[PDB]
file entry-v2.pdb (PDB, C-alpha atoms and all ligand atoms)
MODEL        1
ATOM      1  CA  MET X   1     -31.685  -8.414 -40.373  1.00  0.00           C
ATOM      2  CA  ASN X   2     -32.590  -7.986 -36.746  1.00  0.00           C
ATOM      3  CA  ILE X   3     -32.890 -10.166 -33.662  1.00  0.00           C
ATOM      4  CA  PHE X   4     -36.358 -11.351 -34.554  1.00  0.00           C
ATOM      5  CA  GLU X   5     -35.451 -12.523 -38.013  1.00  0.00           C
ATOM      6  CA  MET X   6     -32.253 -14.011 -36.686  1.00  0.00           C
ATOM      7  CA  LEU X   7     -33.801 -16.156 -34.060  1.00  0.00           C
ATOM      8  CA  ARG X   8     -36.630 -17.074 -36.506  1.00  0.00           C
ATOM      9  CA  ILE X   9     -33.982 -18.579 -38.688  1.00  0.00           C
ATOM     10  CA  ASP X  10     -32.229 -20.393 -35.857  1.00  0.00           C
ATOM     11  CA  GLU X  11     -35.302 -21.774 -34.199  1.00  0.00           C
ATOM     12  CA  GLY X  12     -37.779 -22.276 -37.040  1.00  0.00           C
ATOM     13  CA  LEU X  13     -41.523 -22.199 -36.450  1.00  0.00           C
ATOM     14  CA  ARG X  14     -43.763 -25.133 -35.450  1.00  0.00           C
ATOM     15  CA  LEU X  15     -47.405 -24.969 -34.567  1.00  0.00           C
ATOM     16  CA  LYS X  16     -47.651 -28.314 -32.844  1.00  0.00           C
ATOM     17  CA  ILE X  17     -45.846 -29.368 -29.710  1.00  0.00           C
ATOM     18  CA  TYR X  18     -42.408 -30.814 -30.571  1.00  0.00           C
ATOM     19  CA  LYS X  19     -39.140 -31.927 -29.061  1.00  0.00           C
ATOM     20  CA  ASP X  20     -36.190 -29.659 -29.201  1.00  0.00           C
ATOM     21  CA  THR X  21     -32.589 -30.839 -29.838  1.00  0.00           C
ATOM     22  CA  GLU X  22     -32.362 -31.825 -26.179  1.00  0.00           C
ATOM     23  CA  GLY X  23     -35.641 -33.744 -26.447  1.00  0.00           C
ATOM     24  CA  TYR X  24     -37.742 -31.275 -24.411  1.00  0.00           C
ATOM     25  CA  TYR X  25     -41.200 -30.192 -25.274  1.00  0.00           C
ATOM     26  CA  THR X  26     -41.371 -26.969 -27.166  1.00  0.00           C
ATOM     27  CA  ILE X  27     -43.684 -24.987 -29.433  1.00  0.00           C
ATOM     28  CA  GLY X  28     -43.726 -22.055 -31.794  1.00  0.00           C
ATOM     29  CA  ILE X  29     -40.503 -20.259 -32.226  1.00  0.00           C
ATOM     30  CA  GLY X  30     -38.252 -22.107 -29.789  1.00  0.00           C
ATOM     31  CA  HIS X  31     -40.603 -21.600 -26.918  1.00  0.00           C
ATOM     32  CA  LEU X  32     -39.659 -24.164 -24.243  1.00  0.00           C
ATOM     33  CA  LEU X  33     -42.561 -25.589 -22.462  1.00  0.00           C
ATOM     34  CA  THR X  34     -41.136 -27.994 -20.000  1.00  0.00           C
ATOM     35  CA  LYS X  35     -38.162 -30.115 -19.209  1.00  0.00           C
ATOM     36  CA  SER X  36     -40.567 -32.748 -17.908  1.00  0.00           C
ATOM     37  CA  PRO X  37     -41.015 -35.966 -19.869  1.00  0.00           C
ATOM     38  CA  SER X  38     -44.795 -35.882 -19.763  1.00  0.00           C
ATOM     39  CA  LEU X  39     -46.654 -34.643 -22.794  1.00  0.00           C
ATOM     40  CA  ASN X  40     -49.472 -33.808 -20.440  1.00  0.00           C
ATOM     41  CA  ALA X  41     -47.245 -31.587 -18.362  1.00  0.00           C
ATOM     42  CA  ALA X  42     -46.360 -29.805 -21.606  1.00  0.00           C
ATOM     43  CA  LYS X  43     -49.993 -29.466 -22.721  1.00  0.00           C
ATOM     44  CA  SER X  44     -50.867 -28.038 -19.361  1.00  0.00           C
ATOM     45  CA  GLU X  45     -47.995 -25.553 -19.547  1.00  0.00           C
ATOM     46  CA  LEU X  46     -49.081 -24.647 -23.025  1.00  0.00           C
ATOM     47  CA  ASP X  47     -52.717 -23.876 -22.145  1.00  0.00           C
ATOM     48  CA  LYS X  48     -51.540 -21.797 -19.242  1.00  0.00           C
ATOM     49  CA  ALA X  49     -49.191 -19.779 -21.474  1.00  0.00           C
ATOM     50  CA  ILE X  50     -51.828 -19.166 -24.188  1.00  0.00           C
ATOM     51  CA  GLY X  51     -54.808 -18.801 -21.939  1.00  0.00           C
ATOM     52  CA  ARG X  52     -56.953 -21.374 -23.589  1.00  0.00           C
ATOM     53  CA  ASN X  53     -57.452 -25.020 -24.037  1.00  0.00           C
ATOM     54  CA  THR X  54     -55.085 -25.686 -26.901  1.00  0.00           C
ATOM     55  CA  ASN X  55     -54.975 -29.420 -27.328  1.00  0.00           C
ATOM     56  CA  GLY X  56     -51.229 -28.960 -28.169  1.00  0.00           C
ATOM     57  CA  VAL X  57     -51.844 -26.760 -31.227  1.00  0.00           C
ATOM     58  CA  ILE X  58     -51.615 -22.949 -31.556  1.00  0.00           C
ATOM     59  CA  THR X  59     -51.909 -20.431 -34.307  1.00  0.00           C
ATOM     60  CA  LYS X  60     -49.213 -18.295 -35.945  1.00  0.00           C
ATOM     61  CA  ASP X  61     -50.288 -15.265 -34.143  1.00  0.00           C
ATOM     62  CA  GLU X  62     -50.155 -17.048 -30.833  1.00  0.00           C
ATOM     63  CA  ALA X  63     -46.584 -18.315 -31.700  1.00  0.00           C
ATOM     64  CA  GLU X  64     -45.540 -14.801 -32.514  1.00  0.00           C
ATOM     65  CA  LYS X  65     -46.933 -13.547 -29.338  1.00  0.00           C
ATOM     66  CA  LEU X  66     -44.901 -16.039 -27.268  1.00  0.00           C
ATOM     67  CA  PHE X  67     -41.933 -15.050 -29.429  1.00  0.00           C
ATOM     68  CA  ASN X  68     -42.214 -11.409 -28.640  1.00  0.00           C
ATOM     69  CA  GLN X  69     -42.549 -12.099 -24.932  1.00  0.00           C
ATOM     70  CA  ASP X  70     -39.570 -14.399 -25.095  1.00  0.00           C
ATOM     71  CA  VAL X  71     -37.342 -11.853 -26.894  1.00  0.00           C
ATOM     72  CA  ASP X  72     -38.329  -9.271 -24.442  1.00  0.00           C
ATOM     73  CA  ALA X  73     -37.655 -11.437 -21.526  1.00  0.00           C
ATOM     74  CA  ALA X  74     -34.161 -12.305 -22.787  1.00  0.00           C
ATOM     75  CA  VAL X  75     -33.179  -8.656 -23.095  1.00  0.00           C
ATOM     76  CA  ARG X  76     -34.481  -7.935 -19.752  1.00  0.00           C
ATOM     77  CA  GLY X  77     -32.710 -11.008 -18.344  1.00  0.00           C
ATOM     78  CA  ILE X  78     -29.476  -9.474 -19.728  1.00  0.00           C
ATOM     79  CA  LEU X  79     -29.988  -6.015 -18.299  1.00  0.00           C
ATOM     80  CA  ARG X  80     -30.638  -7.383 -14.914  1.00  0.00           C
ATOM     81  CA  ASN X  81     -27.609  -9.623 -14.892  1.00  0.00           C
ATOM     82  CA  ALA X  82     -24.485  -8.244 -13.247  1.00  0.00           C
ATOM     83  CA  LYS X  83     -22.251 -10.320 -15.469  1.00  0.00           C
ATOM     84  CA  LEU X  84     -24.130  -9.875 -18.673  1.00  0.00           C
ATOM     85  CA  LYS X  85     -25.110  -6.243 -18.605  1.00  0.00           C
ATOM     86  CA  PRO X  86     -21.691  -4.813 -18.875  1.00  0.00           C
ATOM     87  CA  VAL X  87     -20.768  -6.993 -21.882  1.00  0.00           C
ATOM     88  CA  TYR X  88     -23.912  -6.129 -23.605  1.00  0.00           C
ATOM     89  CA  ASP X  89     -23.371  -2.492 -22.958  1.00  0.00           C
ATOM     90  CA  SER X  90     -19.952  -2.646 -24.454  1.00  0.00           C
ATOM     91  CA  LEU X  91     -21.046  -4.161 -27.780  1.00  0.00           C
ATOM     92  CA  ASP X  92     -22.267  -2.724 -31.095  1.00  0.00           C
ATOM     93  CA  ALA X  93     -25.733  -3.447 -32.462  1.00  0.00           C
ATOM     94  CA  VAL X  94     -24.874  -6.685 -34.244  1.00  0.00           C
ATOM     95  CA  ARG X  95     -22.969  -8.327 -31.557  1.00  0.00           C
ATOM     96  CA  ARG X  96     -25.661  -7.496 -29.025  1.00  0.00           C
ATOM     97  CA  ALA X  97     -28.034  -9.481 -31.207  1.00  0.00           C
ATOM     98  CA  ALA X  98     -25.649 -12.352 -30.996  1.00  0.00           C
ATOM     99  CA  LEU X  99     -25.620 -12.160 -27.170  1.00  0.00           C
ATOM    100  CA  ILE X 100     -29.396 -12.110 -27.082  1.00  0.00           C
ATOM    101  CA  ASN X 101     -29.473 -15.231 -29.240  1.00  0.00           C
ATOM    102  CA  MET X 102     -27.397 -17.199 -26.806  1.00  0.00           C
ATOM    103  CA  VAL X 103     -29.484 -16.108 -23.861  1.00  0.00           C
ATOM    104  CA  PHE X 104     -32.658 -17.072 -25.686  1.00  0.00           C
ATOM    105  CA  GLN X 105     -31.175 -20.473 -26.383  1.00  0.00           C
ATOM    106  CA  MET X 106     -29.560 -21.240 -22.992  1.00  0.00           C
ATOM    107  CA  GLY X 107     -30.808 -18.844 -20.434  1.00  0.00           C
ATOM    108  CA  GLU X 108     -29.155 -16.067 -18.631  1.00  0.00           C
ATOM    109  CA  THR X 109     -27.514 -18.433 -16.274  1.00  0.00           C
ATOM    110  CA  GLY X 110     -26.004 -20.633 -18.942  1.00  0.00           C
ATOM    111  CA  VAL X 111     -24.594 -17.721 -20.758  1.00  0.00           C
ATOM    112  CA  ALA X 112     -23.315 -15.948 -17.662  1.00  0.00           C
ATOM    113  CA  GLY X 113     -21.083 -19.075 -17.069  1.00  0.00           C
ATOM    114  CA  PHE X 114     -18.969 -18.343 -20.244  1.00  0.00           C
ATOM    115  CA  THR X 115     -16.840 -16.139 -17.978  1.00  0.00           C
ATOM    116  CA  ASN X 116     -13.803 -16.401 -20.070  1.00  0.00           C
ATOM    117  CA  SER X 117     -15.569 -15.728 -23.382  1.00  0.00           C
ATOM    118  CA  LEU X 118     -17.440 -12.789 -21.850  1.00  0.00           C
ATOM    119  CA  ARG X 119     -14.300 -11.117 -20.785  1.00  0.00           C
ATOM    120  CA  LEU X 120     -12.851 -11.639 -24.306  1.00  0.00           C
ATOM    121  CA  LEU X 121     -15.854 -10.076 -25.942  1.00  0.00           C
ATOM    122  CA  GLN X 122     -15.676  -7.146 -23.478  1.00  0.00           C
ATOM    123  CA  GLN X 123     -12.079  -6.621 -24.491  1.00  0.00           C
ATOM    124  CA  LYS X 124     -12.987  -6.598 -28.198  1.00  0.00           C
ATOM    125  CA  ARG X 125     -10.695  -9.562 -28.864  1.00  0.00           C
ATOM    126  CA  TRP X 126     -12.997 -11.099 -31.529  1.00  0.00           C
ATOM    127  CA  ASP X 127     -10.836 -13.836 -32.894  1.00  0.00           C
ATOM    128  CA  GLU X 128      -9.857 -15.012 -29.415  1.00  0.00           C
ATOM    129  CA  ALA X 129     -13.406 -14.931 -28.152  1.00  0.00           C
ATOM    130  CA  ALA X 130     -14.538 -16.983 -31.081  1.00  0.00           C
ATOM    131  CA  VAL X 131     -11.968 -19.638 -30.393  1.00  0.00           C
ATOM    132  CA  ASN X 132     -12.973 -19.813 -26.713  1.00  0.00           C
ATOM    133  CA  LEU X 133     -16.675 -19.862 -27.400  1.00  0.00           C
ATOM    134  CA  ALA X 134     -16.094 -22.917 -29.556  1.00  0.00           C
ATOM    135  CA  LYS X 135     -14.667 -24.993 -26.799  1.00  0.00           C
ATOM    136  CA  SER X 136     -18.060 -25.696 -25.227  1.00  0.00           C
ATOM    137  CA  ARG X 137     -20.791 -28.308 -25.175  1.00  0.00           C
ATOM    138  CA  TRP X 138     -22.925 -25.703 -26.855  1.00  0.00           C
ATOM    139  CA  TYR X 139     -20.856 -25.726 -29.961  1.00  0.00           C
ATOM    140  CA  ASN X 140     -20.442 -29.499 -30.022  1.00  0.00           C
ATOM    141  CA  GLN X 141     -24.196 -30.093 -29.706  1.00  0.00           C
ATOM    142  CA  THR X 142     -25.506 -27.510 -32.080  1.00  0.00           C
ATOM    143  CA  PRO X 143     -22.514 -26.716 -34.214  1.00  0.00           C
ATOM    144  CA  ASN X 144     -24.206 -25.047 -37.188  1.00  0.00           C
ATOM    145  CA  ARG X 145     -26.154 -22.697 -35.044  1.00  0.00           C
ATOM    146  CA  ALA X 146     -23.199 -22.056 -32.798  1.00  0.00           C
ATOM    147  CA  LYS X 147     -21.066 -21.305 -35.886  1.00  0.00           C
ATOM    148  CA  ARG X 148     -23.462 -18.624 -37.043  1.00  0.00           C
ATOM    149  CA  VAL X 149     -23.586 -16.890 -33.698  1.00  0.00           C
ATOM    150  CA  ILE X 150     -19.862 -17.164 -33.368  1.00  0.00           C
ATOM    151  CA  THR X 151     -19.181 -15.569 -36.782  1.00  0.00           C
ATOM    152  CA  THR X 152     -21.521 -12.838 -35.857  1.00  0.00           C
ATOM    153  CA  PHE X 153     -19.376 -12.066 -32.781  1.00  0.00           C
ATOM    154  CA  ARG X 154     -16.270 -12.377 -34.764  1.00  0.00           C
ATOM    155  CA  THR X 155     -17.252 -10.131 -37.634  1.00  0.00           C
ATOM    156  CA  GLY X 156     -19.827  -7.719 -36.362  1.00  0.00           C
ATOM    157  CA  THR X 157     -21.816  -8.409 -39.557  1.00  0.00           C
ATOM    158  CA  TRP X 158     -24.870 -10.496 -40.531  1.00  0.00           C
ATOM    159  CA  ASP X 159     -23.036 -12.561 -43.122  1.00  0.00           C
ATOM    160  CA  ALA X 160     -23.653 -15.880 -41.454  1.00  0.00           C
ATOM    161  CA  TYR X 161     -27.319 -15.281 -41.843  1.00  0.00           C
ATOM    162  CA  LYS X 162     -27.239 -14.118 -45.470  1.00  0.00           C
TER     163      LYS X 162
HETATM  164 CL    CL R   1     -45.225 -17.427 -20.526  1.00  0.00          CL
HETATM  165 CL    CL R   2     -26.969 -26.800 -35.177  1.00  0.00          CL
ENDMDL
END

call {"tool": "encode", "arguments": {"input": "entry-v2.pdb", "output": "structure tokens", "more": "lines below"}}
Ligand SMILES: [Cl-]
Ligand SMILES: [Cl-]
result
Amino acid sequence: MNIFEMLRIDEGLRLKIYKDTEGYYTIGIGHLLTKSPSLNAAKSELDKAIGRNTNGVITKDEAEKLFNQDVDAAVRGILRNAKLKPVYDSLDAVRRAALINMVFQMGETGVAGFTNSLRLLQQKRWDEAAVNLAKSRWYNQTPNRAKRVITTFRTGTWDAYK
């Protein structure tokens, strides 16, 4: 297991524009196109991201290419963030994967707001961190996904994904 496989499991893979859990237009492997309600706005954002006139459909390769860019961007978002970087630096390989997952899902800013949970992870207080992370909209909206990430922080293993 690795970050790629992990997020592929959590986000699935769709070749046609779709609505995410929040109802926003997305494609591929969790690749958010726009928060705007217009399918045209989304189609426009899609052609610009792919570099071609897509008509709202892309290939597997193209999805994987957005995926790679998106993973990369998340890591880099983390390393640049004064609140995130230090937590990330303090964790083992597994748990880092879990941190990346949340950033990919909610953005650097969203994650950086879990101040209390962040501090708990930095202190290596796994069970406490897991309880705190659960008291959030995040967990109430996408509970199964949140549970898997949370167990990952709690155990330092990939069990939740096996
Ligand atoms: Cl892009
Ligand atoms: Cl879920």

call {"tool": "closest_atom_pairs", "arguments": {"input": "entry-v2.pdb", "of": "chain X", "to": "ligand CL 2 (chain R)", "cutoff": "9 Å", "atoms": "all atoms listed in the file", "output": "JSON lines"}}
result
{"residue": "X:10", "atom": "CA", "partner": "R:CL2", "partner_atom": "CL", "distance": 8.3}
{"residue": "X:21", "atom": "CA", "partner": "R:CL2", "partner_atom": "CL", "distance": 8.7}
{"residue": "X:139", "atom": "CA", "partner": "R:CL2", "partner_atom": "CL", "distance": 8.1}
{"residue": "X:140", "atom": "CA", "partner": "R:CL2", "partner_atom": "CL", "distance": 8.7}
{"residue": "X:141", "atom": "CA", "partner": "R:CL2", "partner_atom": "CL", "distance": 7.0}
{"residue": "X:142", "atom": "CA", "partner": "R:CL2", "partner_atom": "CL", "distance": 3.5}
{"residue": "X:143", "atom": "CA", "partner": "R:CL2", "partner_atom": "CL", "distance": 4.6}
{"residue": "X:144", "atom": "CA", "partner": "R:CL2", "partner_atom": "CL", "distance": 3.8}
{"residue": "X:145", "atom": "CA", "partner": "R:CL2", "partner_atom": "CL", "distance": 4.2}
{"residue": "X:146", "atom": "CA", "partner": "R:CL2", "partner_atom": "CL", "distance": 6.5}
{"residue": "X:147", "atom": "CA", "partner": "R:CL2", "partner_atom": "CL", "distance": 8.1}

call {"tool": "write_last_selection", "arguments": {"input": "entry-v2.pdb", "atoms": "C-alpha atoms", "output": "short mmCIF file (atom, residue, chain, number, x, y, z; two decimals), keeping the file's coordinate frame"}}
result
data_model
loop_
_atom_site.label_atom_id
_atom_site.label_comp_id
_atom_site.auth_asym_id
_atom_site.auth_seq_id
_atom_site.Cartn_x
_atom_site.Cartn_y
_atom_site.Cartn_z
CA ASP X 10 -32.23 -20.39 -35.86
CA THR X 21 -32.59 -30.84 -29.84
CA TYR X 139 -20.86 -25.73 -29.96
CA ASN X 140 -20.44 -29.50 -30.02
CA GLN X 141 -24.20 -30.09 -29.71
CA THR X 142 -25.51 -27.51 -32.08
CA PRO X 143 -22.51 -26.72 -34.21
CA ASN X 144 -24.21 -25.05 -37.19
CA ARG X 145 -26.15 -22.70 -35.04
CA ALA X 146 -23.20 -22.06 -32.80
CA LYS X 147 -21.07 -21.30 -35.89
#

call {"tool": "residues_around", "arguments": {"input": "entry-v2.pdb", "residues": "range 14-18 of chain X", "least_positions_apart": "3", "cutoff": "9 Å", "atoms": "all atoms listed in the file", "output": "list in words"}}
result
residues 23, 24, 25, 26, 27, 28, 29, 30, 33, 39, 42, 43, 46, 56, 57, 58, 59, 60 and 63 of chain X

call {"tool": "residues_near_ligand", "arguments": {"input": "entry-v2.pdb", "ligand": "ligand CL 1 (chain R)", "cutoff": "8 Å", "atoms": "all atoms listed in the file", "output": "PDB file with C-alpha atoms, in the frame of the given file"}}
result
ATOM      1  CA  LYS X  48     -51.540 -21.797 -19.242  1.00  0.00           C
ATOM      2  CA  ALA X  49     -49.191 -19.779 -21.474  1.00  0.00           C
ATOM      3  CA  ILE X  50     -51.828 -19.166 -24.188  1.00  0.00           C
ATOM      4  CA  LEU X  66     -44.901 -16.039 -27.268  1.00  0.00           C
ATOM      5  CA  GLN X  69     -42.549 -12.099 -24.932  1.00  0.00           C
ATOM      6  CA  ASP X  70     -39.570 -14.399 -25.095  1.00  0.00           C
TER       7      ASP X  70
END

call {"tool": "resolve_selection", "arguments": {"input": "entry-v2.pdb", "expression": "the PyMOL selection byres (((chain X and resi 154) around 7) and not hetatm)", "output": "ChimeraX atom specification"}}
result
/X:126-127,130,150-153,155-156

call {"tool": "closest_residue", "arguments": {"input": "entry-v2.pdb", "among": "X:160, X:75, X:32, X:1", "to": "residue 102 in chain X", "atoms": "all atoms listed in the file"}}
result
X:75

call {"tool": "closest_residue", "arguments": {"input": "entry-v2.pdb", "among": "X:52, X:124, X:149, X:12", "to": "residue 64 in chain X", "atoms": "all atoms listed in the file"}}
result
X:12

call {"tool": "closest_residue", "arguments": {"input": "entry-v2.pdb", "among": "X:71, X:134, X:118, X:112", "to": "residue 97 in chain X", "atoms": "all atoms listed in the file"}}
result
X:71

call {"tool": "atom_distance", "arguments": {"input": "entry-v2.pdb", "atom1": "CA of residue 6 in chain X", "atom2": "CA of residue 94 in chain X"}}
result
10.7 Å

call {"tool": "closest_residue", "arguments": {"input": "entry-v2.pdb", "among": "X:128, X:121, X:53, X:72", "to": "residue 90 in chain X", "atoms": "only C-alpha atoms"}}
result
X:121

call {"tool": "atom_distance", "arguments": {"input": "entry-v2.pdb", "atom1": "CA of residue 101 in chain X", "atom2": "CA of residue 4 in chain X"}}
result
9.5 Å

call {"tool": "residues_around", "arguments": {"input": "entry-v2.pdb", "residues": "range 83-89 of chain X", "least_positions_apart": "3", "cutoff": "9 Å", "atoms": "all atoms listed in the file", "output": "JSON, numbers by chain"}}
result
{"X": [77, 78, 79, 80, 92, 95, 96, 99, 100, 108, 111, 112, 113, 115, 118, 119, 121, 122]}

call {"tool": "atom_distance", "arguments": {"input": "entry-v2.pdb", "atom1": "CA of residue 107 in chain X", "atom2": "CA of residue 55 in chain X"}}
result
27.3 Å

call {"tool": "closest_residue", "arguments": {"input": "entry-v2.pdb", "among": "X:41, X:91, X:82, X:7", "to": "residue 104 in chain X", "atoms": "only C-alpha atoms"}}
result
X:7

call {"tool": "closest_residue", "arguments": {"input": "entry-v2.pdb", "among": "X:103, X:161, X:5, X:133", "to": "residue 116 in chain X", "atoms": "all atoms listed in the file"}}
result
X:133

call {"tool": "decode", "arguments": {"input": "entry-v2.pdb", "residues": "range 43-56 of chain X", "atoms": "N, CA and C atoms", "output": "PDB file, in the first residue's frame"}}
result
ATOM      1  N   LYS X  43     -16.813  22.200 -17.501  1.00  0.00           N
ATOM      2  CA  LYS X  43     -16.309  21.695 -18.796  1.00  0.00           C
ATOM      3  C   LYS X  43     -15.156  22.536 -19.321  1.00  0.00           C
ATOM      4  N   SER X  44     -15.289  23.831 -19.081  1.00  0.00           N
ATOM      5  CA  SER X  44     -14.285  24.804 -19.371  1.00  0.00           C
ATOM      6  C   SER X  44     -13.059  24.561 -18.492  1.00  0.00           C
ATOM      7  N   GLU X  45     -13.246  24.357 -17.209  1.00  0.00           N
ATOM      8  CA  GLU X  45     -12.109  24.081 -16.338  1.00  0.00           C
ATOM      9  C   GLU X  45     -11.465  22.773 -16.737  1.00  0.00           C
ATOM     10  N   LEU X  46     -12.276  21.799 -17.093  1.00  0.00           N
ATOM     11  CA  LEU X  46     -11.696  20.551 -17.549  1.00  0.00           C
ATOM     12  C   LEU X  46     -10.813  20.659 -18.828  1.00  0.00           C
ATOM     13  N   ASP X  47     -11.280  21.336 -19.873  1.00  0.00           N
ATOM     14  CA  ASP X  47     -10.494  21.447 -21.061  1.00  0.00           C
ATOM     15  C   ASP X  47      -9.210  22.177 -20.815  1.00  0.00           C
ATOM     16  N   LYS X  48      -9.274  23.159 -19.939  1.00  0.00           N
ATOM     17  CA  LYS X  48      -8.074  23.908 -19.572  1.00  0.00           C
ATOM     18  C   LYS X  48      -7.091  23.024 -18.799  1.00  0.00           C
ATOM     19  N   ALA X  49      -7.569  22.114 -17.956  1.00  0.00           N
ATOM     20  CA  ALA X  49      -6.647  21.271 -17.210  1.00  0.00           C
ATOM     21  C   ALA X  49      -5.985  20.185 -18.050  1.00  0.00           C
ATOM     22  N   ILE X  50      -6.718  19.704 -19.055  1.00  0.00           N
ATOM     23  CA  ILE X  50      -6.271  18.609 -19.942  1.00  0.00           C
ATOM     24  C   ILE X  50      -5.541  19.096 -21.162  1.00  0.00           C
ATOM     25  N   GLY X  51      -5.919  20.269 -21.584  1.00  0.00           N
ATOM     26  CA  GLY X  51      -5.299  20.892 -22.756  1.00  0.00           C
ATOM     27  C   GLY X  51      -5.971  20.473 -24.037  1.00  0.00           C
ATOM     28  N   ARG X  52      -7.227  20.191 -23.972  1.00  0.00           N
ATOM     29  CA  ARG X  52      -7.921  19.789 -25.176  1.00  0.00           C
ATOM     30  C   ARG X  52      -9.367  19.933 -24.913  1.00  0.00           C
ATOM     31  N   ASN X  53     -10.095  19.846 -25.992  1.00  0.00           N
ATOM     32  CA  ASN X  53     -11.538  19.978 -25.968  1.00  0.00           C
ATOM     33  C   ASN X  53     -12.085  18.624 -25.570  1.00  0.00           C
ATOM     34  N   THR X  54     -12.446  18.479 -24.304  1.00  0.00           N
ATOM     35  CA  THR X  54     -12.855  17.167 -23.822  1.00  0.00           C
ATOM     36  C   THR X  54     -14.303  16.743 -24.025  1.00  0.00           C
ATOM     37  N   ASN X  55     -15.214  17.693 -23.963  1.00  0.00           N
ATOM     38  CA  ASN X  55     -16.604  17.365 -24.013  1.00  0.00           C
ATOM     39  C   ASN X  55     -17.009  16.601 -22.720  1.00  0.00           C
ATOM     40  N   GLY X  56     -16.298  16.874 -21.607  1.00  0.00           N
ATOM     41  CA  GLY X  56     -16.598  16.298 -20.296  1.00  0.00           C
ATOM     42  C   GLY X  56     -16.165  14.869 -20.094  1.00  0.00           C
TER      43      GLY X  56
END
